[PDB]
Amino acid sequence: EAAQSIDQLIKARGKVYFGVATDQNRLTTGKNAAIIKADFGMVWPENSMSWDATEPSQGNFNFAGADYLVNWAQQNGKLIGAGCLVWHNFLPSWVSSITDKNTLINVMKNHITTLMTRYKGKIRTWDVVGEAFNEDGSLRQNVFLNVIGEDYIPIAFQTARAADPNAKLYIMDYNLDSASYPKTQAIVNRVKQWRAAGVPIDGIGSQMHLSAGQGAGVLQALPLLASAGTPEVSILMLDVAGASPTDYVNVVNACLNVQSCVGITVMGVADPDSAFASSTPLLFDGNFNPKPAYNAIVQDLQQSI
């Protein structure tokens, strides 16, 4: 049927992409590859770029998984996003154990530089720092903050910019979905301050793992995130418990309303492959058919001349 690719449709409304997280296991099973080819314009490695996946012991990198994703994307004319270079998730214990500031700075920089160098020029968007905030808006006391202090964020971004000046560099977080929530306010105010200091934060990515009914609030939260003045904002890791068309269309329209929002990435293709499968939160079902939210996004994005 005509005009059924949400990526094609969102591009026709001036955005860069509709994307999805994936990896080798997905691409070779189900109908994921076919759906991504037809309907999506950007992919991200779901897990294969994590620190656990890529640098399981100090200085010794594992790129088979990430390479597969990058190659598939290139073969299929998809943009690539990748991450997360620096966050508290999927960290090896060898990183967590480090207590010396200069050692951890250099471990972090080596991790950033190695990954970004390998894929230099190939990656549209790097999620450089993730989940750096507490719910109250203070900085999360992860190993980087505890050992390096708050300079770890400027250092990560400056390192990333040097490693691949072509990439758009993002900070990302979750629970940025309500405009009155302290975390949302805080990332904005802090990104403003980092950018005023010349830290090369090109984007804020909102990890939109939503519960039912939360789409509406994104219509206020996304504009708020964009007010930090980054060149770009993005929607990441999108899923919605119950997958209501209302929620999904609200999220999409928040993207459309926000000039600097370049695109939307969903957390996966089909419900059974979600980490939250019982909540059926994705756009395709367990038979790989498009759900009502997919079709509602199509209608919302369709445009006579």
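All residue numbers are counted from 1 along the displayed sequence.
**OP:** Between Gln303 and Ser304, determine how many residues of the deposited chain lack coordinates; answer none if the chain runs continuously, otherwise 1 to 3, 4 to 9, or 10 or more.
**Re:** Count of unmodelled residues in between: 1 to 3.
Original post:
According to the deposited model, is the average Cα temperature factor higher in 212 to 220 or in 172 to 180?
Top reply: Between 172 to 180 and 212 to 220, it is 212 to 220 that shows the higher mean C-alpha B-factor.
**OP:** Going by the average Cα B-factor in the PDB entry, point out whether 293 to 301 or 18 to 26 comes out higher.
**Re:** If you average the C-alpha B-factors of 293 to 301 and of 18 to 26, the larger mean comes out for 293 to 301.
Original post:
Of the options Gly263, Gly268, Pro245, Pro45, which has the highest CA B factor as deposited?
Top reply: When the deposited C-alpha B-factors of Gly263, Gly268, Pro245, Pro45 are compared, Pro245 is largest.
Original post:
When you compare the CA B-factors of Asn146, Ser206, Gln75, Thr125 as listed in the entry, which one comes out on top?
Top reply: Across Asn146, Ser206, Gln75, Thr125, the entry lists the biggest C-alpha B-factor for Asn146.
**OP:** Select lowest, middle or highest to describe the third in which the CA B-factor of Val107 falls within its chain in this entry.
**Re:** For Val107, the deposited C-alpha B-factor lands in the highest third.
Subject >> Ranked C-alpha temperature factor of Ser274 among modelled chain residues, by third >> reply: CA B-factor rank for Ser274: middle third.
Original post:
Which third of the chain holds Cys255 when residues are ordered by C-alpha B factor: lowest, middle or highest?
Top reply: For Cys255, whose C-alpha B-factor we compare with every modelled residue in the chain, the answer is the middle third.
Original post:
Going by what the PDB entry lists, where does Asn32 fall on CA B-factor within its chain: lowest, middle or highest third?
Top reply: For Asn32, whose C-alpha B-factor we compare with every modelled residue in the chain, the answer is the lowest third.
**OP:** For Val249, return the chain-relative third of its C-alpha B-factor as stated in the PDB record: lowest, middle or highest.
**Re:** Top third by C-alpha B-factor.
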